[PDB]
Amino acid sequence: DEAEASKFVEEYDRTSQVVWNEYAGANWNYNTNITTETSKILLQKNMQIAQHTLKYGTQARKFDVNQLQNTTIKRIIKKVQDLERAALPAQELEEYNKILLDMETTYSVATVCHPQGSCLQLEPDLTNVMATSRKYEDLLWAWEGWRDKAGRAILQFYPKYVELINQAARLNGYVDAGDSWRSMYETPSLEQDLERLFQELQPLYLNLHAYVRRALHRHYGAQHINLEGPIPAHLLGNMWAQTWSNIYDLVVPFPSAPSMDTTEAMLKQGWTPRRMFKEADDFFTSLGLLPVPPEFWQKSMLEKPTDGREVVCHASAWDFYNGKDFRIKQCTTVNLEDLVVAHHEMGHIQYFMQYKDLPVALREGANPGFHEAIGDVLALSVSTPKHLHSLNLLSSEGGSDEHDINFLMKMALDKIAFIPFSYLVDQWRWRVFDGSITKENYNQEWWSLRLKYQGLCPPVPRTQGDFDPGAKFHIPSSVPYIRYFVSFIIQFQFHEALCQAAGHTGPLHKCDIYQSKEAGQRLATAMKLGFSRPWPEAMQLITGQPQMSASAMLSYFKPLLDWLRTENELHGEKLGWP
């Protein structure tokens, strides 16, 4: 009995490695070369992996896991009992796979065109407009145009996608797809836990929001900014207003303490995408962590092809499930933001390499937020003025309180501004999946949450037929989002713990863990666990305690909270958007 279950997981692991490796290859070939042929091969491989999933999932469901003694075998078998989409009848499975491919293709090839003019792609063209234009009408054209082309085109697919992903979830024992996604955390209190963390970040977010709102009022004019209302969503430097650091120039706390133009510094000094990933590789190996294999440099797609190919440009990291072949696919631009993206993606690769000797069923992060946090933790140190100066991308900014608050503001524009965005995406999707939001009010309920949590409003009233969530990658690609909220909380917990392990003293935000082998050892021990244990054990290995907690993020930003309260007080800001 115990013997049959052990043999079963060994057979599952051997066959899964082969089949998943073949699927990853076809998926990569489409993502890096969108054509009719690669799409047809991918859809064929979808049916092949579904045949495998159904074979072994059916066998797994014949084991009574209650009666099994070994907890690891119990854990693997319970997981394999979830067939995901392979639980669907063949007709519905084929339809679902086609819908998913059609949605992700639509998003990745959408363009926004001037009339009798050029056509802009999201990356780099529209991204650059949102980041650098300071003309209200030009930002509006990009913001509205992207939603008109990408968002509206996804709406035809989304109701059927919801029906089918929910049907698959119910056939695997869940009430709906959102229930199945939340289960990845193995934390029954997840919704309350995340709500409590969100509430703890409200003082910081509300003060940052009011300060930025004031600065936008100064630049774009009193007729366009209501000092007691929500901020128009196209003015924050980012297509989704999810991170705001590209408008640092408008909101600099101490303009008498100017910062080097990091983009021009990277270009002037001959930085390339390959150099950016080599720097990230060096940071990981400086902690005693693993270098990427030579194969990574041969097979990765680190810049947008020029040979005519259409590609999925959205950055991602790829495990080919053979313990040797790991790759990044990124349409890298030479700027500081994409340097942080490169570190994010290299953190995924590091996790892949750390747990490569686990059975594939356990080759995941402790929870999905852990997988998202690794690269960001290192990027926190990379982003310090100390480290950036050592890269010759900033001048010496130390020994200056003005520079200090400026740096904290730069970090807050990304890290704090993202908290409400990353919270609300799956608040919306969970309610779509549970049927509380129907296609009658997809977009209205999206903007109700954009208002409630982020304090943003659409610059143009939305109309029937708009489907603005479809204009955000993870929606048509069916990638869960709450992982990023979890990641932004725990990455500061990890930073705090690794800084203590490295012997750092003084303010948390001055810590740079570069070359700390003690810090690397903490991360390595946790990453090697993969998904073999409940995530509180990995939390404990890194931080010395088992809970998610906002206290580390609050500690990091405490000096900025103090400065923002003083600044907002003396300007008489009314926090929030009553």
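From 1 onward, residues are counted along the sequence shown.
Tell me which stretch has the larger mean Cα B-factor in this entry, 203-211 or 99-107.
It is 99-107 that shows the higher mean C-alpha B-factor.
Between 62-70 and 41-49, which has the higher average C-alpha B-factor in the PDB entry?
Result of the comparison: 62-70.
Have a look at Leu194, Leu408, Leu93, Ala168 and flag the one whose Cα has the highest B-factor in the entry.
Max CA B-factor in the entry, restricted to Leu194, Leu408, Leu93, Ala168: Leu93.
Which one of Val80, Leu336, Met184, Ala342 shows the top CA temperature factor in the record?
Comparing C-alpha B-factors across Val80, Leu336, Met184, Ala342, the top value belongs to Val80.
Check where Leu570 lands among this chain's C-alpha B-factors and tell me if it's the lowest, middle or highest third.
For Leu570, the deposited C-alpha B-factor lands in the middle third.
Lowest, middle or highest third of the chain for the C-alpha temperature factor of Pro291?
Answer is middle: the recorded C-alpha B-factor places it there.
For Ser259, return the chain-relative third of its C-alpha B-factor as stated in the PDB record: lowest, middle or highest.
For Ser259, whose C-alpha B-factor we compare with every modelled residue in the chain, the answer is the highest third.
By the record's CA B-factor, is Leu564 among the lowest, middle or highest third of residues in the chain?
Its C-alpha B-factor belongs to the lowest third of this chain's values.
Sort the modelled residues of this chain by their C-alpha B factor and say whether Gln242 lands in the lowest, middle or highest third.
Tercile = lowest for this residue's CA B-factor.
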